[PDB]
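Enquirer: All I have is the shape, not the residue letters:
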């Protein structure tokens with residue numbers, strides 16, 4: 001939770017915050033997909049104002065996984081009521097997520113686990129299977 005969103009939350013109480021975000025689809029040499037376990041999730045995060053969606057996904061992937069990646073292709077933008085989430089404490093948020101297929105260029109992998117498409121775990125957010133293909 002960056003200082004920007006943290007500051008907005010302070011001022012809005014539990015009210016709905018619209019959060020532009022990015023999520024990454026990362027595959028290793030053998031075709032497995034990288035997921036994170038806090039439901040499991042794709043490496044993802046909020047876009048900081050000032051960053052392009054591409055810069056955001058590269059940064060988020062580095063922070064969440066330790067991998068340095070470059071953007072291969074955009075796999076769609078998802079949003080609406082199905083991407084609305086209300087924290088246990090009452091804080092309401094709605095995401096609009098830009099999904100990017102990214103390729104690893106450097107780094108290491110800091111739970112983080114690879115899963116083949118057929119074995120992929122369930123995700124909280126309703127991303128269509130097409131983002132993986």
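Expert: That came through fine. Numbering: from 1, shown residues only.

Enquirer: So which residue is smack in the middle of this structure?
Expert: In the chain, the centroid-proximal residue (CA atoms, centre = their mean) is residue 44; its distance is 1.8 Å.

Enquirer: Tell me what that residue is bridged to.
Expert: residue 23 (DSSP bridges).

Enquirer: thought it was touching residue 19?
Expert: No - counting by CB atoms under 8 Å, residue 19 is not a contact partner of residue 44; they are 10.9 Å apart. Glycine gets a C-beta too; all of them are placed from N, C-alpha and C.

Enquirer: what ranges do the helices span in this structure?
Expert: Counting by DSSP state H, residue ranges of the helices within the chain are 3-12, 53-65.

Enquirer: Please give me every residue in contact with residue 21.
Expert: Going by CB atoms under 8 Å, 6 or more residues apart in numbering, residue 21 touches 44, 45, 46, 47, 95, 96, 97, 98.

Enquirer: For those residues, work out which two are farthest apart.
Expert: Greatest spacing in these, by CB to CB: 45 and 96 (13.3 Å).

Enquirer: Quick check on these two: which one has the bigger neighbour count.
Expert: Counted by other CB atoms under 10 Å, residue 45 and residue 96 do not tie: residue 45 has more neighbours, with 20 against 14.

Enquirer: if I look at that one, how far off is residue 116?
Expert: 25 Å (CB to CB, to the nearest Å).

Enquirer: Same question for residue 96.
Expert: According to CB to CB, residue 96 stands 29 Å off from residue 116.

Enquirer: what does residue 41 give?
Expert: 17 Å.

Enquirer: same check, this time on residue 132
Expert: As for residue 132, its distance to residue 116 is 10 Å (criterion: CB to CB).

Enquirer: Overlap of the contact sets of these two?
Expert: With CB under 8 Å, 6+ apart as the test, residue 132 and residue 116 both reach residue 33.

Enquirer: Could you pull up the residues touching residue 133?
Expert: residue 117.

Enquirer: residues near residue 10, how many?
Expert: Neighbours around residue 10, by other CB under 10 Å: 8.

Enquirer: Can you check which strand is longest in this structure?
Expert: strand 92-107 (DSSP state E).
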